[PDB]
Structures are given as C-alpha cells and as structure tokens.
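> Below you will find the structure I want to go over with you.
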Amino acid sequence: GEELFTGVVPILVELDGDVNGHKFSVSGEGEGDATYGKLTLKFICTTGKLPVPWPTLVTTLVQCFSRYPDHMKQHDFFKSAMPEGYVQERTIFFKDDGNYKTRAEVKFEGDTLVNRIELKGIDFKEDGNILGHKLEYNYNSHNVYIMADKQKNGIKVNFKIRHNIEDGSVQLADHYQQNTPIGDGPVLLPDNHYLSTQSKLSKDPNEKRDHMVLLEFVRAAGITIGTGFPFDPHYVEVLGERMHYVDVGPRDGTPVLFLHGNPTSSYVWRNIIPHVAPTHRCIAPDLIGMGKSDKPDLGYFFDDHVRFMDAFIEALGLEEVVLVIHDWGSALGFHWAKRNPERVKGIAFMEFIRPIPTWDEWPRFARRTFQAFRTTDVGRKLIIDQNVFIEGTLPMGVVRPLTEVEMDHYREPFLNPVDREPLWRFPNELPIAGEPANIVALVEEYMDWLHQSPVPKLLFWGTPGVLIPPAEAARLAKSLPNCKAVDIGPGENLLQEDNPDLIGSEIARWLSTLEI
Ligand SMILES: [Cl-]
C-alpha cells in the first residue's frame, strides 16, 4: 500500500471529455513524490485546442501523492487502496453555469500510477466564464475535506474551488467527490481530516500544442495559529549596522532573550511572546543580514553572527538574561552563555545545534538535500539562485501546512537573491560528520559547558524532529543538570509552528520557578 510511495513514482494521465457537444482528449505524464506531497506534470490536448479553460480540469486531472504526516498515516485511504486502486467520481457545480460529471480509475499499471478519466459537461452557457474562456491562467489554494463512507467501504470528499475570473470576480465550482476501492482487500477508512493544496500553472516555451504544466503540493492535516506580527519595530545600531528587534513586557526584572535560526526571524516567536510578556520582558532580535535587520555584504559565518549578537546584547545594556533559543540561535545562546555564565538564569531550547557525528543521524529524506546544500556549486544554485531553503526546506520543517500569509512573512527578507547569502552559509556551518572542524570544536565546547552547569534548562522536542531525534532528546534531558523536558507532539524543526501554545505556556510556568 504505502510501500509503493517511498520514492518518485511516474504518472500517466489520459482523459476523454464532452462539454456542450465539444469532444476532446488530454494526455499527461510526469512524476510524483509523496514525501513532499509533490506533483510535476505536463498535460497536452491531443485533439486540438481545449474547448474549456485549463484551470477547470485541474481537479479532474491522484490524491495518493498527498503527504500524510506520520501521526495520521492511518487515515491515508488513497495509498492503502493501491496497487488495485480506487474509483473516483465527482460532480462539479460551477456557480450559475454548467456542471462536470467525472468517473475515473486511479490504479497501478506496470510501474506507473495511471489516472484514466471520463468527463461529461452539460448546461453550460455559451457566453459564460467556462465556454467564454474568461478564466485567468492561475490557481488558488484550497482545503479538501475528507470523511469516511463505511457503507461503500469508501470516502466522501467535499470542497469548493475558487477560479479567478479576468474581470476580478471569482467563479465557484462546488465539488462532490466519492472514492471506493477496486480490490476487495481491506483499506483505511479515515477520521475527519482535510488536505491543504497549492498549485502553480505554467507553460513550456518549446511546446507547440495546447498544453498545461502543473506543480502541486498537498499536505494532510486536521487531526491532532495566528499569522499576525503586531509588534512595534525597534532598531539599535550595532557595529555600524542597524538591527531590528521586538521589545515588550515590563521594563524591570530579568529580560528573556529569544534567538531564531535559519531561515526564520523574530516572526517565529510571534505566538510564544504573548505567553511571556505579561510577566517578563521579551527581546527578540532579527539576526544580522536577516529579518528586518540590515543586510551588509558579509561572509555570514557563525562567527559573524557571534560578533553582532555580542554587540547587540551590550547595546541594550542587558545584565542577567533568560534564553529561549532555536536552531542557530541556540548555538549563539550556548556559546555566549559559556563565555558569560554568571549572566544566564535559565535556558529554554528546542531543536538546537549539536555535534552530529554521522549523516545516518540526519533525517534520511533530507540527507541528499542538505549534502547538496553544502556545496559551492549546486548548493549556491539551490539556495541563492532558486531560494529552495525558503520555498521548500522551510515548509518541510513544519508538520502543518504553512499558509501563504506566513510564507510571505518568511519570504520578505530574501526577495532579492543577493540577500540570501546567510541562507546558504548556515547549512554549510552545520557540524555534521566532523565538518566544519571549527564549528564542531566550538559546539563541543558549549555542550561540555552545558553538562557541567547548574543553570535551569528546559528542552522542547517533537517527533520525529530533525536536529534532535526523540531518543537524543531523552538522553540529554537525563544527563544535563536541572533539565526539564517537554514533548510537544509531532514536529520537525520549527516546533513553534506546530504547538506554540504549549511552548509559550510551559515557558511562562517554568519562568516562575527561577530566581530572577
Ligand atoms: Cl541551517
């Protein structure tokens, strides 16, 4: 079942349709990778020009390539129906226009997952958005709702597609879907969940025939978060550069310093700060060359971030601090704490920088990618030229699907590809397999200092994690002095995006037990 989807699967799509007496056929082929929920396909019209706009056919033209996270892999009906496959039937109601009626078989034929469909459209106005071709060549992001249909041993699916019309209006296409398996072998009948979808339509500049190129990403969710950033912007001059930081909470007492990593900013602390501000001052700077801080032309090694954070702390006159750190902000926090141990009253850390002795400790699905990130040729193309760390690695570091509002918040500091230099130097500084030896030695030193320190420690971890596997999170919580471990449930690297209420509330509760 799910075993046939561990790699890249070739896809073939063939449709035969009839809309208002207009007959047409479409062929398509490509490849799917359920690990990312990814689809790459090109569809051509084999009978001439399409009598309907291409966006109307997207949903008809293989939801088995959706990415089901591990904690809801028992709700993936589509994969458990393979290789025999399932029958998919739909009735799509275009608002104030016609309707499509489709019937398809999604099955394995040889080594290819093929999707053969019949389509039939009726009652379409000749001057409507569909037959008049008033649809814009784009596509929106939708929520596809799934529930079990134990009578037919299948599922019932409902959602509403929003098609952009060229006059600025929206055409609604109400979807009513039904999937039942082809083979009698038992399948998975899921609880109520949904799929978060996103699609990008484009053209091949060398294709002469009427065609459509499609890139799609789908992620299941809804079986177990504010997007705003209401903080007033603050700036301080640090080594001739301006650095942006959030400053809230009472002015007295021990401040709490929040340190982000790659490729985020203080935006990753937007849902944690409100739990801490009512009792403690919250300081959350944007790293140099990141966020809203100035982006000078540096090599942006870890040492460069050490210089600017040291001068940021002194610029704000901070005496004693509590640290809430994540990813490379944790290496900055532990290193500074090792060098200023009399000024740290507590450390709350999550998915933090540690010496990774072998690549087999790295997430196997992300090993090929991060080894390609750590090259001066392919690595710069991926991160600098193509912005893969923002568009791909970042949404793969969150179990739940990041919305477009949240992605645009992370996209803003790196709209210009020349400013993406810290996005590429950071993964090359990761101490993996003994390289680079200077970071390995530095990280080994603050890990050693941490093991001999009585400072309060609070470790957040998730499953399966990335930097900190669950077994490693359990080992360190036992041997580190005065450590309290918290399991936040499922998680990859940005644990603040999967369970921000548990992180912030436990920190607010843990902060009261310290002497500050
Ligand atoms: Cl990184």
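Following the order of the structure tokens, chains are lettered A, B, ..., residues in each are numbered from 1, and ligands are numbered from 1.
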Could you build a table of the residues in chain A lying no more than 7 Å from ligand 1, giving for each the nearest pair of atoms and their separation in Å rounded to one decimal place, using only C-alpha atoms and all ligand atoms, ordered by chain and ascending residue number, as a tab-separated table?

```
residue	atom	partner	partner_atom_place_in_ligand_line	distance
A:262	CA	ligand 1	1 (Cl)	5.1
A:426	CA	ligand 1	1 (Cl)	4.6
A:427	CA	ligand 1	1 (Cl)	3.8
A:430	CA	ligand 1	1 (Cl)	6.6
```
> Include N, CA and C atoms and write out the residues we just selected as a PDB file, in the first residue's frame.

```
ATOM      1  N   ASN A 262      17.843  29.670  11.083  1.00  0.00           N
ATOM      2  CA  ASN A 262      17.738  29.637   9.629  1.00  0.00           C
ATOM      3  C   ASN A 262      16.494  28.867   9.215  1.00  0.00           C
ATOM      4  N   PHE A 426      24.699  29.143   6.471  1.00  0.00           N
ATOM      5  CA  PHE A 426      24.266  28.441   7.680  1.00  0.00           C
ATOM      6  C   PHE A 426      24.312  26.921   7.540  1.00  0.00           C
ATOM      7  N   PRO A 427      23.706  26.295   6.523  1.00  0.00           N
ATOM      8  CA  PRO A 427      23.811  24.830   6.416  1.00  0.00           C
ATOM      9  C   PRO A 427      25.229  24.336   6.176  1.00  0.00           C
ATOM     10  N   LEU A 430      26.888  23.805   9.614  1.00  0.00           N
ATOM     11  CA  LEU A 430      26.368  22.763  10.489  1.00  0.00           C
ATOM     12  C   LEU A 430      27.460  21.741  10.792  1.00  0.00           C
TER      13      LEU A 430
END
```
> Would you mind listing, for every residue of range 117-179 of chain A within 12 Å of range 396-415 of chain A, the two atoms forming the shortest contact and the distance between them in Å to one decimal, using only C-alpha atoms, sorted by chain and ascending residue number, as a Markdown table?

```
| residue | atom | partner | partner_atom | distance |
| --- | --- | --- | --- | --- |
| A:140 | CA | A:404 | CA | 10.5 |
| A:141 | CA | A:404 | CA | 8.7 |
| A:142 | CA | A:403 | CA | 10.6 |
| A:143 | CA | A:401 | CA | 10.9 |
```
> Next, the residues of the selection above should be written as a tab-separated table (two decimals), in the first residue's frame with C-alpha atoms.

```tsv
chain	number	residue	atom	x	y	z
A	140	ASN	CA	-5.70	29.02	-5.74
A	141	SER	CA	-5.04	27.14	-2.51
A	142	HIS	CA	-7.94	25.12	-1.11
A	143	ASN	CA	-8.95	22.81	1.73
```
> Can you pull out every residue within 6 Å of range 282-299 of chain A, counting only C-alpha atoms, but drop anything in the same chain fewer than 3 positions away, and send it as a PyMOL selection string?
chain A and resi 242-249+256-258+265-266+277+413
> Under the rule that only C-alpha atoms are counted, which of A:70, A:276, A:204, A:434 is the nearest residue to residue 465 in chain A?
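Distance minimum relative to residue 465 in chain A lands on A:70.
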> Would you mind telling me which residue in A:382, A:467, A:315, A:442 lies nearest to residue 360 in chain A when using only C-alpha atoms?
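When distances to residue 360 in chain A are compared using only C-alpha atoms, the smallest one comes from A:467.
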> Quote the spacing between CA of residue 4 in chain A and CA of residue 81 in chain A in Å to one decimal place.
11.0 Å
> Please list as a PyMOL selection string every residue within 10 Å of residue 254 in chain A, counting only C-alpha atoms and excluding residues in the same chain fewer than 4 positions away.
chain A and resi 250+280-282+318-322+343-345+515-516
> Please, could you write that set of residues out with N, CA and C atoms as a tab-separated table (two decimals), in the first residue's frame?

```tsv
chain	number	residue	atom	x	y	z
A	250	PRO	N	7.28	44.07	30.90
A	250	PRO	CA	7.68	45.05	31.91
A	250	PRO	C	9.17	45.36	31.83
A	280	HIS	N	7.23	38.97	31.96
A	280	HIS	CA	8.65	39.17	31.70
A	280	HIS	C	8.84	39.99	30.43
A	281	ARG	N	9.93	40.75	30.41
A	281	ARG	CA	10.31	41.48	29.21
A	281	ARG	C	10.76	40.50	28.13
A	282	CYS	N	10.28	40.71	26.91
A	282	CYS	CA	10.61	39.86	25.77
A	282	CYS	C	11.44	40.66	24.77
A	318	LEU	N	21.91	44.76	28.61
A	318	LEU	CA	21.35	43.61	29.31
A	318	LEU	C	22.36	43.07	30.32
A	319	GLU	N	21.89	42.83	31.54
A	319	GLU	CA	22.73	42.26	32.59
A	319	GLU	C	22.55	40.75	32.64
A	320	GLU	N	21.65	40.27	33.48
A	320	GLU	CA	21.29	38.86	33.52
A	320	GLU	C	20.12	38.61	32.58
A	321	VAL	N	20.11	37.43	31.96
A	321	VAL	CA	19.12	37.10	30.94
A	321	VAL	C	18.65	35.66	31.12
A	322	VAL	N	17.45	35.39	30.59
A	322	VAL	CA	16.96	34.05	30.34
A	322	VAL	C	16.90	33.87	28.83
A	343	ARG	N	25.66	35.35	33.90
A	343	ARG	CA	24.60	36.23	33.41
A	343	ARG	C	23.40	35.48	32.84
A	344	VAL	N	23.38	34.15	32.93
A	344	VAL	CA	22.28	33.35	32.42
A	344	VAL	C	21.57	32.69	33.60
A	345	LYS	N	20.28	32.98	33.74
A	345	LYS	CA	19.48	32.45	34.83
A	345	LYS	C	18.63	31.25	34.42
A	515	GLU	N	15.04	31.95	40.08
A	515	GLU	CA	15.34	33.06	40.98
A	515	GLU	C	15.77	34.25	40.13
A	516	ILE	N	14.79	35.07	39.74
A	516	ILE	CA	15.05	36.22	38.89
A	516	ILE	C	14.35	37.46	39.42
```
> Return as a Markdown table the residues of range 319-388 of chain A lying at most 12 Å from range 271-274 of chain A, together with the closest atom-to-atom pair for each and the distance in Å to one decimal, counting only C-alpha atoms, with rows in chain order and ascending residue number.

```
| residue | atom | partner | partner_atom | distance |
| --- | --- | --- | --- | --- |
| A:324 | CA | A:272 | CA | 9.8 |
| A:325 | CA | A:272 | CA | 11.6 |
| A:348 | CA | A:272 | CA | 12.0 |
```
> Find the residues near residue 385 in chain A: any atom within 10 Å, counting only C-alpha atoms, skip ones fewer than 2 places away on the same chain, and give them as a PyMOL selection string.
chain A and resi 378-383+387-388+416-418+420
> When you look at range 499-502 of chain A with a cut-off of 10 Å (counting only C-alpha atoms), what residues show up, excluding the ones that are within fewer than 4 positions of it in the same chain? I need them as a VMD selection string.
chain A and resid 225 to 226 268 to 275 400 460 462 486 to 491 494 to 495 506 to 508
> Emit the selected residues as a tab-separated table (two decimals), in the first residue's frame, including N, CA, C and O atoms.

```tsv
chain	number	residue	atom	x	y	z
A	225	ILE	N	-3.64	28.91	14.82
A	225	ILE	CA	-2.35	29.56	15.00
A	225	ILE	C	-2.33	30.90	14.26
A	225	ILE	O	-2.43	30.94	13.03
A	226	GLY	N	-2.19	31.98	15.02
A	226	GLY	CA	-2.25	33.30	14.42
A	226	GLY	C	-1.10	33.56	13.47
A	226	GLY	O	0.02	33.07	13.66
A	268	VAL	N	9.12	33.86	14.04
A	268	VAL	CA	8.91	32.51	14.57
A	268	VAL	C	8.56	32.54	16.05
A	268	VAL	O	8.07	31.53	16.58
A	269	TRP	N	8.77	33.66	16.73
A	269	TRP	CA	8.41	33.82	18.13
A	269	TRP	C	7.12	34.60	18.31
A	269	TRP	O	6.81	35.02	19.43
A	270	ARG	N	6.34	34.79	17.24
A	270	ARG	CA	5.18	35.67	17.31
A	270	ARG	C	4.08	35.09	18.21
A	270	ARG	O	3.31	35.86	18.79
A	271	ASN	N	4.00	33.77	18.33
A	271	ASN	CA	2.97	33.13	19.14
A	271	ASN	C	3.48	32.66	20.50
A	271	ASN	O	2.68	32.22	21.33
A	272	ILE	N	4.79	32.74	20.73
A	272	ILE	CA	5.38	32.42	22.02
A	272	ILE	C	5.47	33.66	22.91
A	272	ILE	O	5.24	33.57	24.12
A	273	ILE	N	5.82	34.81	22.31
A	273	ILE	CA	5.98	36.03	23.10
A	273	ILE	C	4.74	36.38	23.90
A	273	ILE	O	4.88	36.74	25.07
A	274	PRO	N	3.51	36.29	23.37
A	274	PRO	CA	2.35	36.71	24.18
A	274	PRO	C	2.17	35.93	25.48
A	274	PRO	O	1.50	36.44	26.39
A	275	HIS	N	2.75	34.73	25.61
A	275	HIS	CA	2.68	33.96	26.85
A	275	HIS	C	3.68	34.42	27.89
A	275	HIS	O	3.47	34.19	29.09
A	400	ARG	N	2.44	20.93	10.04
A	400	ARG	CA	1.24	21.52	9.48
A	400	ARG	C	1.59	22.41	8.30
A	400	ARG	O	2.72	22.89	8.18
A	460	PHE	N	12.43	21.54	24.76
A	460	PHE	CA	11.27	21.15	23.98
A	460	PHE	C	11.71	20.25	22.83
A	460	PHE	O	12.76	20.48	22.22
A	462	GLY	N	10.08	17.31	19.61
A	462	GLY	CA	8.96	16.73	18.90
A	462	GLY	C	9.39	15.51	18.12
A	462	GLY	O	10.58	15.19	18.04
A	486	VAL	N	9.99	18.62	27.68
A	486	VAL	CA	8.59	18.74	27.32
A	486	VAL	C	8.40	18.16	25.92
A	486	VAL	O	9.11	18.53	24.99
A	487	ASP	N	7.44	17.24	25.79
A	487	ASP	CA	7.07	16.68	24.49
A	487	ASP	C	5.91	17.48	23.92
A	487	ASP	O	4.84	17.56	24.53
A	488	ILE	N	6.13	18.09	22.75
A	488	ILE	CA	5.12	18.93	22.12
A	488	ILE	C	4.28	18.18	21.10
A	488	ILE	O	3.43	18.79	20.43
A	489	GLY	N	4.48	16.87	20.96
A	489	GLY	CA	3.75	16.08	20.00
A	489	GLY	C	4.54	15.91	18.72
A	489	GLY	O	5.76	15.75	18.74
A	490	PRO	N	3.85	15.94	17.57
A	490	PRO	CA	4.57	15.87	16.30
A	490	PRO	C	5.35	17.16	16.05
A	490	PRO	O	4.99	18.24	16.53
A	491	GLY	N	6.44	17.03	15.28
A	491	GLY	CA	7.28	18.17	14.97
A	491	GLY	C	8.49	17.83	14.11
A	491	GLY	O	8.96	16.69	14.11
A	494	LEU	N	10.78	23.50	13.12
A	494	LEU	CA	10.13	24.70	13.65
A	494	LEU	C	8.97	24.27	14.55
A	494	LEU	O	7.80	24.30	14.18
A	495	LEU	N	9.34	23.86	15.77
A	495	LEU	CA	8.34	23.39	16.73
A	495	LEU	C	7.40	24.51	17.17
A	495	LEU	O	6.31	24.21	17.67
A	506	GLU	N	4.33	26.67	28.84
A	506	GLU	CA	5.30	25.98	29.69
A	506	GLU	C	6.46	26.91	30.05
A	506	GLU	O	6.98	26.84	31.17
A	507	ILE	N	6.86	27.77	29.12
A	507	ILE	CA	7.92	28.74	29.41
A	507	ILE	C	7.45	29.74	30.45
A	507	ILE	O	8.19	30.09	31.38
A	508	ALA	N	6.20	30.20	30.34
A	508	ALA	CA	5.66	31.12	31.33
A	508	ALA	C	5.53	30.46	32.70
A	508	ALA	O	5.70	31.13	33.73
```
> Taking only C-alpha atoms into account, name the residue in A:259, A:331, A:44, A:62 that is nearest to residue 203 in chain A.
A:44
> Would you compute the distance between CA of residue 372 in chain A and CA of residue 389 in chain A? Give it in Å to one decimal.
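Distance reported for this atom pair: 11.7 Å.
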> I'd like a table as a tab-separated table: residues in range 293-353 of chain A with an atom no more than 10 Å from range 468-484 of chain A, each row giving the shortest atom pair and its distance in Å to one decimal, only C-alpha atoms counted, sorted by chain and rising residue number.

```
residue	atom	partner	partner_atom	distance
A:346	CA	A:482	CA	9.7
A:347	CA	A:483	CA	9.2
A:348	CA	A:484	CA	9.2
A:350	CA	A:468	CA	8.3
A:351	CA	A:468	CA	5.5
A:352	CA	A:468	CA	7.0
A:353	CA	A:468	CA	8.4
```
> Using CA of residue 194 in chain A and CA of residue 504 in chain A as the two end points, give the distance in Å to one decimal.
27.0 Å
> Hey, which of A:216, A:174, A:123, A:76 ends up closest to residue 202 in chain A? Count only C-alpha atoms.
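Looking at the shortest contact to residue 202 in chain A, the residue is A:216.
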> Can you pull out every residue within 10 Å of range 162-168 of chain A, counting only C-alpha atoms, but drop anything in the same chain fewer than 5 positions away, and send it as a list in words?
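Selected residues are residues 55, 56, 94, 129, 130, 133, 134, 135, 136, 137, 138, 139, 140, 141, 142, 173 and 174 of chain A.
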